C-alpha cells in the first residue's frame, strides 16, 4: 500500500550500482525474444518444410536451434550475474550502515536480545530485500517482454484467431472460478458435518471398565457399526460432489476449444491459416499462461521484500546514545564522586540504586562489596554512562559526567575482566586494541612484561605475533586476565574499573595476577567490583552494598570490627 515510500527511501543506495541493472534488463529482454523466436519457427517447420516437402528447411533449422540456445544461455548468465552483483552490493552496503548505526546505539538496546541472533535476522532480512525485489524486477522485465512478444506474434500470424482466443480465455477462466468456488462451499459444508460424526465416534471406546462389568460389549459394537457406516456413507456423499467438479471444468474448456475450431471452419478465418500458423498461434497462446501467472504474483513478492526492508529502516530510525556533552577531557586528574544518585533500569520500577553518595579520590582505590544482586555492577556501568541516572549527579573533576562528550569520558576509563574482548588477531594488537600504530612493539612488550605475561607468551609460536583463534581460542582464564591488565596498563588510563566478579580465582599463578594488579593500581583512581581478599583488604576504602544502597563504609578492620554485613561477607569469602 505504502511500499513505494519504502522503495523511494531505499533507492539511492541502489542507484550507485545502476549500470548493472540496465545490462541485466537488456539481457533479459534479449532472453525473452530468444525464447519467442524459437517458438516462431514452428511456422517454417510445418509450411516451408513439410508443406513444400523441402528438406533444405530441416538443414538450417538445427543451426538456428543451437544458435538461439547459445545466445539464450549467454543472456541468462549475463542477467543472473549482473543482478547478483547489484543485490550483493546493496545488502553489503545496508549491512554495513546497520552495523555502524548499532555500534552507537544505547547499551539498553543490546540487553533486550543476543547480538548473535539480531545479526542472523539482519543478514537474512537484508538478503530477503534484494532477493524478493530483484526477483520481481526479473519477472516484470522478462515475462513482460515474453508477453508482449507472444501477443505481437499471435496477432501477426492470425489476428482473426487471436481475437477469438483473447475474448474466450477470460470467459473460460471466469466460468471455471465460478464453478470451482461453488464446489469449495459444498466441500466445507460436508467437512463440517464429517468432523462432528468423526468426533462422536472417537469417543465411543471410553468408559471401557463400566462396559466390561455390565457386559455391554455387544451393545457397543452395534453403536460403532452404525456410526462407522454413517462415516463411510458421508465419505461417498463427499467424493461424488468433488469428483464431479473436474469433468465439468474440462467440459467447459473443451466447448471453448470446439468453438475455436468451428470458427476456423469459416473462410473469413480459415483463409489466413495454414498448418504452420495454427500451430504457432496455439503454441504461443499456451506459452502465455506461465508468464501471466508469474506477473500476478509480482506484487506479493515486491511488498514481501519491502516488508523486510521496513524492519531494517526501523533499526536505522531508532535513536542513538545521547551525547549532548560539550566538554573535552584530555586526562582526568581523578577525583570522582556520586552525589545522591538514584537509578532505575529502563522498563522496570523499583530502583537498582538509591541515594548513592560515594567519593573515589585521585590515586585511591575503593572496593565495592556485597551479595550477588546488590548493585555492585550497576554502579560501575553508570561511571561510563552505559545508562543515565534518574536523580542526582556523578562528577569527574567537578563537572557532571553528562557535560562531557561520551568519547572524552570513556577515554579516561579502562576495564579489566576475565571476559575481556579478545578477537581474531596477534597478541600485540589485542593488547593495543585501538591505537595499534600509536604504541611500538618495544612499549607493548613492556606492558606485557609488567602484566606477568611474557611468562606464557615467550613460551608460544612467534611470541607476541601469535594469532589468537576463533573468538580468542588459545587462552586460559588466568592468561586472559593478565592480557586485560596489559591492555589497561598500556593506555595509561586515569580511571580503572576492575571486575573480579566474573574472573576465576583457583588459577595457578594468581600470585602473578595480584603482582600485576598491584602494579596497575599504583597511583591511579580505581573502582573495583571486588572478590579477592587480596585487593579488598588492601583497599583504601571499602563500600558495602545491599539491595541497592550503601550500608557500610570504611577500611578493612574498621568494618570487620562492626560485626555487620561486611563481616557476614568476609566470613563467606564473597563468592
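Numbering follows the first chain given and starts at 1.
Comparing 112 to 120 with 94 to 102, the one whose average Cα B-factor in the PDB entry is higher: Result of the comparison: 112 to 120.
Mean Cα B-factor comparison, 472 to 480 or 155 to 163, giving the higher one as deposited: Comparing 155 to 163 with 472 to 480, the higher average CA B-factor belongs to 472 to 480.
Residue with maximal Cα B-factor (values as given in the PDB entry) among 38, 542, 513, 70: Highest C-alpha B-factor among the listed residues goes to 513.
Candidate residues 316, 186, 147, 219, the one whose C-alpha B factor the record puts highest: Largest recorded C-alpha B-factor: 186.
Chain-relative CA temperature factor third for residue 523: For residue 523, the deposited C-alpha B-factor lands in the highest third.
Residue 133 CA temperature factor, ranked by third within the chain: Answer is middle: the recorded C-alpha B-factor places it there.
Residue 325 by Cα B-factor - lowest, middle or highest third of the modelled chain: Middle third, going by the recorded CA B-factors of the chain.
Chain third (lowest, middle, highest) by recorded CA B-factor, residue given as residue 342: Middle third.
Record-listed C-alpha B factor of residue 454: chain third: Its C-alpha B-factor, which the entry lists for residue 454, ranks in the highest third among residues of this chain.
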